[PDB]
Asker: 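Mind having a look at this structure? Questions to follow.
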Amino acid sequence: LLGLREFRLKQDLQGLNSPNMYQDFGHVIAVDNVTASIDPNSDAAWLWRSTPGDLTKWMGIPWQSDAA
Amino acid sequence: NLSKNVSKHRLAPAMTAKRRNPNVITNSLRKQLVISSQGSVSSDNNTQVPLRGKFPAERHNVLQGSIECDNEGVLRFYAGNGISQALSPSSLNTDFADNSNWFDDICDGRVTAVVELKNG
Amino acid sequence: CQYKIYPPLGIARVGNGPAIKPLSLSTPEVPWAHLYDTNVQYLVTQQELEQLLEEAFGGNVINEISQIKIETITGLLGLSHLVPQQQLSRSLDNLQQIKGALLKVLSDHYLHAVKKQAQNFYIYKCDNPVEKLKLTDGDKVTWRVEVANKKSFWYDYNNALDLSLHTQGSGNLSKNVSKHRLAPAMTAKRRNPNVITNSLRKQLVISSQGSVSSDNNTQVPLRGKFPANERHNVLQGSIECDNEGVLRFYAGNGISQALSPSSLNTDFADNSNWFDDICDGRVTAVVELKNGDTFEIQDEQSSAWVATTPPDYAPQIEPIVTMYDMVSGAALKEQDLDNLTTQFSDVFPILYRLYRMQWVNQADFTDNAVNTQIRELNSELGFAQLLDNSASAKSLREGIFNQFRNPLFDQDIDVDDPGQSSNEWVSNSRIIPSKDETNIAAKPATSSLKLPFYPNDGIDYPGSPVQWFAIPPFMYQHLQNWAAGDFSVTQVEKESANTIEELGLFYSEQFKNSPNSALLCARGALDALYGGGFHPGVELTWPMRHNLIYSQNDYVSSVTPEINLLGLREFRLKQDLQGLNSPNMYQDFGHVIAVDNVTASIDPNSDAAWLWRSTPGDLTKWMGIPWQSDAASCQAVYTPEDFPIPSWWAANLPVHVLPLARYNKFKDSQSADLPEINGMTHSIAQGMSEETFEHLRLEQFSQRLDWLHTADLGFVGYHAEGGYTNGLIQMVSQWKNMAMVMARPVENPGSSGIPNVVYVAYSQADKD
Amino acid sequence: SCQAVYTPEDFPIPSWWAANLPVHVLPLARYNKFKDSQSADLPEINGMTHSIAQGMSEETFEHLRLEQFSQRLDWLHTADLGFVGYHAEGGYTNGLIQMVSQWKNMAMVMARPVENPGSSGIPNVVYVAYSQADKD
Amino acid sequence: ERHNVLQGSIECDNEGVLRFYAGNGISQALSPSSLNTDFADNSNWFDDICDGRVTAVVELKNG
Ligand SMILES: [Mg+2]
Ligand SMILES: [Mg+2]
Ligand code: NA
């Protein structure tokens with residue numbers, strides 16, 4: 001039935017106090033930034049290590065616009 | 001989940017994306033755009049605790065959710081009331097995804113616990 | 001190398017005036033030739049039409065008037081190529097009486113029309129161009145032009161792709177912009193994205209070609225179709241050759257249209273379903289002499305390019321940084337600018353052009369401290385202090401230099417989040433907000449806004465230093481050398497520098513008497529075009545500021561032996577020698593174009609190098625479609641602070657003008673022999689004190705009108721909406737009725753403070 | 001909606017109720033560029049440096065005063081009524097919508113003194129439009 | 001300037017029957033930017049709807 005898995009998100013253990021809580025890539029984000037984030041040693045790898053708000057921040061603001 | 005063909009043959013190139021609310025400049029001031037809250041609950045008291053932030057952080061109260069723990073130790077997490085709003089009434093949300101001057105009560109965050117047994 | 005075509009890049013501007021010499025204009029062949037010429041007529045005049053009718057009568061037309069004393073009459077004056085046959089006949093049919101009747105039909109079609117600015121192309125004989133080709137009996141030259149428009153085929157214009165191109169820096173663009181991510185290049189999607197496959201997208205390209213020779217002066221139309229093979233005929237231009245072998249190229253009539261009337265052009269640059277009649281392409285020739293010697297002028301070192309563009313609505317007002325400056329800057333490396341040598345004549349153009357922007361831009365009339373200091377110096381005949389390179393004048397030069405924005409874009413910034421992915425250079429001067437507002441307090445600016453007060457390549461990014469225009473690195477280097485005292489100037493220049501106007505007239509005389517007509521003509525074709533900001537601009541855009549687009553770009557000489565005036569260059573565009581038949585005529589990069597494609601194009605051996613080897617349509621495909629959308633978006637960009645008002649490209653699309661109505665209320669002196677003086681009755685005008693009379697003159701002189709209001713751009717009428725988008729929509733038909741700026745005399749300004757030459761904007765709406 | 005009603009002819013511009021909802025006003029920014037006389041002992045005179053203001057001829061100085069005095073601004077632009085920003089729409093309807101919040105920020109006209117007009121032609125009492133947007 | 005409007009077409013057969021055809025359904029504004037955004041009253045627009053008067057005369061062989 002497609003199986004059962006044990007999975008956990010990557011988490012920034014400092015949460016709201018993380019130094020990357022307010023990280024971004026400047027005036028634009030682009031695939032080049034995601035390419036750089038693949039390397040866990042890079043200044044972009046924080047993209048994968050969630051702080052609060054990181055899962056839903058991509059979504060439409062406000063959500064009711066996306067729904068309609 | 002995703003074939004290498006999509007990037008390899010450039011079937012749907014990723015676009016660049018500009019900032020939302022781009023008139024707020026400097027990382028320090030853009031922190032005002034983030035709504036955050038936190039709370040704790042334990043099995044010794046089942047009183048519900050609101051998770052309430054501010055936007056910008058008039059200023060509006062934003063109920064991001066609610067948490068309660070029952071005497072068996074199960075955490076129950078409620079989301080917000082579905083209230084979205086703009087800082088000015090005339091700012092309409094005419095875009096499917098990117099509307100400046102708007103906030104909503106969606107959130108996501110970190111869930112941790114500490115078990116304290118009677119023997120210490 | 002025996003013959004070459006000049007100019008290497010010619011420019012012709014659309015207009016609804018006729019494609020005939022007496023009623024058209026010519027692209028500048030000598031820079032600064034007519035900046036104070038108060039006789040200019042850039043709109044078709046009644047007298048020109050009357051005169052055109054005189055030449056159509058003359059000798060043996062009066063003979064024939066007495067002979068059939070009606071298709072006799074209309075066939076004998078070759079006017080059917082100007083006005084269709086019907087109206088000509090019905091004019092006389094219905095009722096010297098002939099002249100008035102024919103004049104009325106010509107007036108209906110052309111009175112006040114925007115004259116076409118046509119480019120003259122010349123063959124020069126080479127020893128290095130010594131002299132124009134001189135045909136003798138039996139010599140002939142044949143010209144060939146092939147042009148295209150690919151705007152509807154090409155990609156959206158979001159911002160200049162080279163803002164993210166890794167570079168060591170040029171004379172035109174600092175490496176800081178890309179290095180510090182000051183204004184990232186955006187990806188851009190296709191225009192008209194619903195027509196898929198390259199074969200079907202070929203239909204989106206308009207193209208045409210034509211040939212003329214010195215044996216027959218008949219004009220030949222360059223007519224394409226859109227879509228290409230209801231189809232629409234598109235007149236891209238017209239060509240003719242005179243008996244001396246000079247080719248004259250006329251642009252189209254300024255007709256832009258959508259395939260469906262309900263498709264409105266609501267975007268500044270990217271409107272699907274639209275075509276316009278702008279074009280560009282390849283100019284070649286063959287010289288054939290008496291003896292049978294034939295000389296092909298086909299290779300990129302000796303052949304030429306033509307591009308058509310929107311009208312210049314203030315031909316005597318030069319952009320502060322021109323397309324020729326881009327050519328000159330493209331040859332320079334940023335890291336070597338400390339080797340540049342500076343004369344005063346290399347910095348005067350910056351001061352002179354900014355000073356003359358007062359006629360087209362309110363901020364440069366009443367909100368520009370440098371222009372006010374120039375006026376102060378002029379008022380005491382003290383301008384020549386600016387030519388003094390000694391220590392006693394250093395604080396004077398520095399005070400002016402320090403007000404200019406540095407194209408390093410590294411001043412008036414705080415480094416935000418150093419060492420983070422969010423590392424950012426944030427301006428602490430005034431920003432230009434996005435229209436998507438956020439009701440959060442702006443951050444107070446701590447640094448004065450630097451000059452000039454115009455938006456720039458990076459406008460999309462609030463807080464980027466690149467939101468605002470800077471003179472390019474090499475021109476800033478000249479100004480910095482001037483400020484430092486490291487510049488030379490001649491004593492005879494000093495003798496002509498008591499006012500800025502006197503020195504400007506002197507420098508104009510130096511251009512006029514420079515003996516290199518070929519190079520002057522190459523420079524003149526480009527010195528009236530904009531060189532920034534490129535968003536996308538007016539005529540051409542950012543590829544022009546890269547040396548990659550030129551197959552040759554060499555400094556040749558100063559304008560005169562002792563006066564450089566920014567110099568004369570021999571340059572040539574890179575050309576695909578197959579023109580319309582190039583296998584790369586219809587090349588693209590797939591669903592989007594991005595800076596990665598430009599990076600791949602730098603290597604001339606790579607698969608993307610075709611980006612720089614121009615085929616017809618490649619210079620103009622980047623620009624807004626239709627161009628009128630871009631023109632109507634090329635005005636003020638308002639900040640929350642009222643003043644100064646930022647303006648985009650005001651030298652060629654004015655923003656605040658001096659209307660004819662105001663001219664007619666200040667041109668007269670109190671002693672004028674006129675029943676009405678400056679809009680007053682003779683008796684009222686002469687009854688007031690002289691002091692009050694001169695005050696009223698200056699008040700009228702000071703009334704500057706939004707150029708968008710010089711025709712009906714959607715704000716006329718009770719509860720009319722006005723606004724940005726209706727201007728874009730209405731400019732498609734109204735571009736031809738917009739105010740045209742022309743120098744005019746004030747015979748006796750007295751002590752009113754009004755200069756003897758003013759620049760007045762003529763339109764039907766603003767005339768009284 | 002109580003402003004200009006533009007005709008095909010540019011001039012005169014018709015205005016509805018301009019004595020109480022002004023249409024073209026003389027902003028504070030301009031007042032501060034003509035209120036001073038040339039001999040004023042200030043490091044800045046009419047928005048010029050002391051040195052530039054006093055180095056120019058008296059005739060030029062008074063001309064600059066009248067030029068500034070003559071710069072009149074659409075009252076609708078004395079606050080952000082929907083036309084501010086890159087590609088802002090502006091126009092009639094946004095004016096209507098934005099006035100609900102912006103009425104309190106519109107320019108307020110107040111009589112102000114010119115202590116020595118000299119020969120400039122500027123009257124001793126001018127009426128000056130104060131708002132945050134138009135103040136400099 | 002000025003547009004031809006085909007309001008209809010008429011033909012008569014040899015029996016004397018008149019057949020009346022309406023126009024082609026072509027509506028247009030004098031400027032392409034004038035959009036017909038109101039259900040009934042749009043200035044600058046024409047259409048090819050029409051109506052009017054039909055008369056005849058019968059001529060017999062006997063005069
Ligand atoms: Mg110009
Ligand atoms: Mg009142
Ligand atoms: Na000295």
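Reckoned from all heavy atoms, side chains included, excluding hydrogens, waters and symmetry mates. Order of the sequence lines sets the chain letters (A, B, ...), proteins ahead of strands, with each chain counted from 1.
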Asker: Say you draw a straight line from OG of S50(A) to CG of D108(B); how long is it, rounded to the nearest 0.5 Å?
Answerer: 7.5 Å
Asker: Would you compute the distance between atom CH2 of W63(A) and atom CG of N93(B) and round it to the nearest 0.5 angstrom?
Answerer: 11.0 Å
Asker: So which of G26(A), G15(A), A68(A), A67(A) has the largest heavy-atom pair count under 4.5 angstrom toward chain B?
Answerer: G26(A)
Asker: Is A97(B) in contact with chain A via its backbone, its side chain, both, or neither, using a 4.5 Å heavy-atom distance?
Answerer: both
Asker: Is there any salt bridge (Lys or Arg N to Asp or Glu O under 4.0 Å) pair reaching into residues 24-40 of chain A, and which pairs are they, with sequence neighbours excluded?
Answerer: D24(A)-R19(B)
Asker: I would like to know whether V34(B) and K57(A) meet side-chain contact (heavy atoms from CB on, under 4.5 Å); could you show each step before the answer?
Answerer: CA-CA 10 Å; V34(B) 170; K57(A) 65 174 172 204; over 6 Å; no
Asker: Quick one: pull up CG in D66(A) and CZ in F96(B) and give me the separation to the nearest 0.5 Å.
Answerer: 6.5 Å
Asker: Which atoms of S37(B) are under 4.5 Å from chain A, going by heavy atoms: the side chain, the backbone, both sets, or neither?
Answerer: backbone
Asker: Checking the side chain of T16(B) only, and the main-chain atoms of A30(A) only, is there a donor and an acceptor separated by less than 3.5 Å?
Answerer: no
Asker: So how far is it from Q38(B) CD to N17(A) CG, rounded to the nearest 0.5 Å?
Answerer: 8.0 Å
Asker: With chain B, which of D12(A), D54(A), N33(A) has the greatest number of heavy-atom pairs at distances under 4.5 Å?
Answerer: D54(A)
Asker: Carefully, step by step, assess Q11(A) and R110(B) under the rule side-chain contact (heavy atoms from CB on, under 4.5 Å).
Answerer: CA-CA 8 Å; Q11(A) 296 203 34; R110(B) 171 157 154 83; 2.8 Å; yes
Asker: Do you know which of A14(B), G109(B), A17(B) has the most heavy-atom pairs with chain A at a distance under 4.5 angstrom?
Answerer: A17(B)
Asker: Can you tell me if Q64(A) uses its side chain to pair, donor with acceptor, with the backbone of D104(B) under 3.5 Å?
Answerer: no
Asker: Return the option, out of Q85(B), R20(B), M15(B), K18(B), with the maximum number of heavy-atom pairs under 4.5 Å with chain A.
Answerer: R20(B)
Asker: Quick check on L9(A) against chain B: is it the side chain, the backbone, both or neither that has a heavy atom closer than 4.5 Å?
Answerer: neither
Asker: To the nearest 0.5 Å, tell me how far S100(B) OG sits from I61(A) CD1.
Answerer: 9.5 Å
Asker: For the candidates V31(A), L55(A), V34(A), which exhibits the highest count of non-hydrogen atom pairs separated by less than 4.5 Å from chain B?
Answerer: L55(A)
Asker: Counting only heavy atoms closer than 4.5 Å, note whether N27(B) contacts chain A via side chain, backbone, both or neither.
Answerer: side chain
Asker: If every non-hydrogen atom of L16(A) is compared with every non-hydrogen atom of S36(B), which pair is closest and at what distance?
Answerer: CD1-CB, 4.2 Å
Asker: What part of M21(A) is in contact with chain B, defined as an atom under 4.5 angstrom from a non-hydrogen atom: side chain, backbone, both or neither?
Answerer: side chain
Asker: Once you round to the nearest 0.5 Å, how far does CG of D95(B) lie from OG of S65(A)?
Answerer: 7.5 Å
